[PDB]
Structures are given as C-alpha cells and as structure tokens.
C-alpha cells in the first residue's frame, strides 16, 4: 500500500529550530527526522509516499525531491490554508486513491516496524497505540482485545502513536476543508470499525527540544 507522512505542522514549540528549517528536516542523530520514516517505509516495501506540507513547504520538496534516492516515489500535497490533520488527509486523498493507506505523523520518531501493518488488518482504521507519555493516565483511547474504543479517565487508557492504517472511506462525504481526524476515528469506533494494537517499544513525539533530546538518547542506545 501507499503511505502518507504528515509534515504540514509549523513546529512553533521547536523554535528557533523551525524558524528557517521545517520540522521534518530537523536533524535527530545527524539525520532529518522525516528521513527515518522514508527509510523505514522503503525497507517495509512501501514504494509510493504522499507528503503534505504548509510551513516552509518548498524546502521539504527541495530537499526530498522525487524520493528516488530512498527508492521511493513521492508526491506532495501543498496546503495554503491551515487544514489540520483531517482536512489535510482529505485534501491528499486524490493522490492516495481508494485503497487503505499507511498514515504516519512525521513528528514521530519510533522503531515500530511498518511491515507489521501490511498484514491482515481490521476495520475503517487500525491504530497503533502506545503508553501515555509523561507517566499519566489521560491518554486518548482504550484497547479491548483488538478493538479500539474511546478513552475513559485514567485507569487503563493508551495514547495514539500517530501510526495507523486508514480506509479512505473514513472520509466518506466529509466537509471539504479544514477539520480534525480524531473525531472521525470516534465515529468509526462508535460503529465497531476501529481495531488497534499496543506497541511497547520506543516512540517519541518530537514536538519540543526536550523530546528531540530523548529521541537522540534512545537512538544512541540502538547504535551501540
């Protein structure tokens, strides 16, 4: 299947790093953050990637080009207005086609094996969930067997990893413009159409300098 990497975020919490460098292109261990995803995706057998962008977008295209150096074919979905995650995915659907695709929040650094998702999967969406960051119980969702439901307090909830397989039909109808992805996932969940899994390996949402350091720390433990 195809993959989409979300890369339209402005990274305001990463400043001043993101003043002249798009977040996707910030180096983590001598390598641009998004290039971990491109290499992982190519290793996992993915050959076609869609990347949306907004903030400093043309720098992303300039740097990655057509993706041939990664053994990929990349298409870009430029966004001129703030579309958010859901609206942005929707805007890119023409490039993705009608088949389920792998969706990867580009801000993430992880050792999750993307090739696990090319196995028989369940529903309109299949979500990779991880331990709640910061040692809290808030999270987003709960996982019962393979079935994902909406979170409830802090007894045993999990956090959405930003790694998933989505069915384009998830966006069936859908307000053409700017909207959120989570709300759509809960309608699917409400209909028993969302499966999931709990990944217990390394995962960092790289949204701050502190998260960047943590990712570097873990990446340095893997090299050894």
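Numbering follows the first chain given and starts at 1.
Stretches compared: 84-92, 130-138. Higher mean C-alpha B-factor in the entry: 130-138. The PDB entry records a higher mean C-alpha B factor for 139-147 than for its counterpart among 139-147 and 101-109.
The PDB entry gives the largest Cα B-factor of the residues 197, 66, 172, 48 to 172. Annotation for 26, 182, 165, 56: 182 ranks highest, by Cα B-factor. Residue 30: CA B factor lies in the middle third for its chain, per the PDB record. In the deposited entry, the Cα temperature factor of residue 209 sits in the top third of values across the chain's modelled residues. When the CA B factors of the chain's modelled residues are split into thirds, the value for residue 159 lands in the middle one. Sort the chain's modelled residues by C-alpha temperature factor and residue 8 lands in the middle third, per the entry. In the PDB entry, residue 176 places in the highest third of its chain by CA B-factor.
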